[PDB]
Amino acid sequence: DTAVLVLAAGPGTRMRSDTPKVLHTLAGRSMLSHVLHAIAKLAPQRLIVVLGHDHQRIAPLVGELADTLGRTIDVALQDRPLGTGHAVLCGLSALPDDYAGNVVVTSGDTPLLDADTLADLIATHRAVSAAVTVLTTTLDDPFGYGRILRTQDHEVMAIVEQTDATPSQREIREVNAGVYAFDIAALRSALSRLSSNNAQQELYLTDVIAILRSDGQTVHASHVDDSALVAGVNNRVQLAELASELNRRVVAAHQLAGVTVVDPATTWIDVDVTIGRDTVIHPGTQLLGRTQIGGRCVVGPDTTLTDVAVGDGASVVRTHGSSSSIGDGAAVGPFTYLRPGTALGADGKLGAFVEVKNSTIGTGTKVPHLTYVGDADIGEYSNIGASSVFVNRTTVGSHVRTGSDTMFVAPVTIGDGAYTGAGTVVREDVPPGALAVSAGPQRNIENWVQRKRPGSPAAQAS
């Protein structure tokens, strides 16, 4: 039996942001979302999130996530950010007076923390019958972390915060993860004895360690060797570092499953994205949101896709696209913009300098050059000429061949197998197999240039 509390009520001042800290994102989820996902998977009996000043703007998001994960998640309010020890006091208040399970505590700013790490913590805590078990790790750069103080016998004595530590204690590289398990009665007892006489004038959860040690209670540290899993984020430098570590891991998972990723460092892949076997992803690419790529695709370089579905054997090269689907074998890019509601059929082509918005494009249809397609439905095996505009519904049939520089003034229907001539402005329906035209005939004005541009390079050349 376990209750997990998530401390998410600090001001977040070191982020320097008007967006609450725990709402900042990496890999397509907010830090609080990452932490709640890992905990839902652990499936404890209770899950409490302590919220503070910005609670109006965070609580609804927590309720959406409770729905999403199919479990209830309570919110305890912490009126003023008096310290992590005080946040835990506020959290405990959402539990019955007589609750008797373990209490696990973690921060909203430790977003790589995973279900396994949490499980192992609870198992260690129970195995050594500890009044408190604290996760620790060891870091080349421990700046900002509580330092682990040990006796000569390697027994944990205390946690000292970066603001309170001596120059000498600051060299300690073993750090507090800020992830704990507690005996409830011992935790309640230690919290009632915290005082705020320290360099931040705050009630430190970390003092509970020396307090329980005081009482001769069992204090156990558990060393997490993979430091990333328990790394924290207090500012945007640390946010981008952990986002980059998490992104290397996501990419590695894909590479081990069969995806070529030419340059992991410049390939950003959100956590829910799936990618098929033998796809090759070229440098400078972001795959975001619920993007799904099939097998044997080529993607990038310099492509950004957010919520885009791509079939098998497609090419999507230098493409900026969102909320769109791209069929098997289709070719998109280079220099192609897909706006929401774009559906391109199998073996379709959208070429260079083409933008599509809210349009359906049938199997085998090509829009290869300098064209805008908006609010239109186009059939199968059609060909849209270069430098054209769908001026915006318009329906174009199958096996149509439209000429370069055609404007389609919505709404108009072009029948199956119809053609338009180059330079046509289409303002009315075109029957199946008809040719629509409107450009006037060419006229040559002889020797114009000698007359109107006399002594010019063009005049001398003629």
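Just so we're on the same page, rigid core means the largest C-alpha set that superposes within 1.5 Å between forms. Numbering starts at 1 and follows the sequence shown.
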Comparing 332 to 340 to 80 to 88 by root mean square Cα deviation from the shown form in 7 other deposited structures of this protein, core aligned, the larger deviation is found at 80 to 88
Stretch 261 to 269 versus stretch 160 to 168: after rigid core alignment, which one is farther off in C-alpha RMS in 7 other deposited structures of this protein? 160 to 168
From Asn392 to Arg393, how many deposited residues does the entry skip: none, 1 to 3, 4 to 9, or 10 or more? 4 to 9
Which has higher Cα B-factors on average according to the PDB entry: 70 to 78 or 354 to 362? 70 to 78
Selected stretch [higher average CA B-factor]: 9 to 17 or 446 to 454: 446 to 454
From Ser168, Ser322, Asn176, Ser387, the top C-alpha temperature factor is at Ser168
Maximum C-alpha temperature factor, selected from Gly417, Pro44, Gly403, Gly28: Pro44
Rank-wise, by C-alpha B-factor, drop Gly311 into the lowest, middle or highest third of its chain. middle
When the modelled residues of the chain are sorted by Cα temperature factor, does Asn383 land in the lowest, middle or highest third? middle
What third of the chain does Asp263 rank in for C-alpha temperature factor, lowest, middle or highest? lowest
For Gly85, does the deposited CA B-factor place it in the lowest, middle or highest third of the chain? middle
Which third, lowest, middle or highest, does the C-alpha temperature factor of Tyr337 belong to within its own chain? lowest
